[PDB]
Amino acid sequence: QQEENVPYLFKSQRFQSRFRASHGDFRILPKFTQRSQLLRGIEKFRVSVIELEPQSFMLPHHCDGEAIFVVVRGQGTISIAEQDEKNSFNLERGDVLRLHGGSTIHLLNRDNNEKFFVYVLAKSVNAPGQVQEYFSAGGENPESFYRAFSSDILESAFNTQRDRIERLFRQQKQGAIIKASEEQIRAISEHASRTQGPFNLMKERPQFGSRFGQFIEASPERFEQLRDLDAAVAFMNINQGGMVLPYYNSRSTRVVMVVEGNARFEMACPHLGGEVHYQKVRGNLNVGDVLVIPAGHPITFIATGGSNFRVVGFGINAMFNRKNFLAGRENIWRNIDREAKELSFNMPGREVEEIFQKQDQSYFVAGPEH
């Protein structure tokens, strides 16, 4: 109800399936400007989810957006067909893959039991925010784009009698994500290991961490394959009963999707808030929900109880972004002098400092008893 009026919150139900598939789904959030011009700064970007059931195959297609795939759950093989090169990669949880726009891909989940789930960021190259799929594979369902060509053109192009080529493009009726056999799975992923492979930071030391949570990020400073989009991929885990201390991002807007657990968030927004007033922008986040955190906006997340709270965040305008913590042992006030603190709060500087030093921990701490 009220949460339908928080323009930064995109509940999971707002993701729209692009097709009706038996063995998975592909669902995409509307353009970010659908309900608010406050998100015009990220209009070119879309987020989506791909889900493959066990023993499933997503048919060959390309998109007209530059993408970043992040594996959230399971294992799957991506096969990429370019004009002059083939690549296949066996992806696992935490893998990040930059996929060039126009790359023809297919996906395979070889596992017998576990779903394969990918969170995707795409950026348009045609009309702003418009990202479309082009099924080369297919027939009647999904419709293959080859059916847009006249039969004489297909005959001449394929050097194949028109009735035979037209028949080829009518056989598939099962949809875009279908069953795959054990032998097909073997064959397709047999060679899997411009288009570089995935990277994975799961085993690295976090950038920021404590006993209550972890943050690590793939930045374009480090990963050249993210530089063109100027994107980052952030992984944040808040342990059960924890919170991330209030912080803000200096320049990067974040598109945060919940992968595990639940949290309460509170954000300070001057836009929705004449002299400045900060609107209290609040809600709850569940698995599959998205929150957009505009740059500069103070935010906190508080894990709510029975689970860790885990998110993947895409960062837009990521180069040169820095996290600025607003409480904790390591925070911005560490770099503000005592006299400036005294003037800031109209109280003795040593007293301000005493209060600001009470929190001995950094980054993530125990949340409120609630």
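Residue numbers here begin at 1 and follow the sequence given.
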TODO: Count, per the entry, the deposited residues between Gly296 and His297 that are not modelled, and return the matching class: none, 1 to 3, 4 to 9, or 10 or more.
DONE: none
Task: Residues of the deposited sequence left unbuilt between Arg194 and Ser193 - done: 4 to 9
- [ ] Determine, for stretches 196-204 and 70-78, which one has the higher mean CA B-factor as deposited.
- [x] 196-204
TODO: Take the C-alpha B-factors listed in the entry for 108-116 and for 230-238, compute each mean, and give the stretch with the larger one.
DONE: 108-116
TODO: Between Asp289, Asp152, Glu133, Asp95, let me know which has the highest C-alpha B-factor in the entry?
DONE: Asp152
- [ ] Select one of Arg35, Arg46, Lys323, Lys341: the residue whose C-alpha shows the highest B-factor in the crystal structure entry.
- [x] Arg35
Task: Assigned third (lowest, middle, highest) for the C-alpha B factor of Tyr146 - done: lowest
TODO: Going by the recorded CA B-factors, say which third of the chain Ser210 sits in, lowest, middle or highest.
DONE: middle
Open item on the list: Can you tell me whether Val125 has a C-alpha B-factor in the lowest, middle or highest third compared with the other modelled residues of the same chain?
Closed with: middle
Task: Record-listed C-alpha B factor of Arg251: chain third - done: lowest
Open item on the list: Splitting the chain's C-alpha B-factors into thirds, which one does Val352 fall into?
Closed with: middle
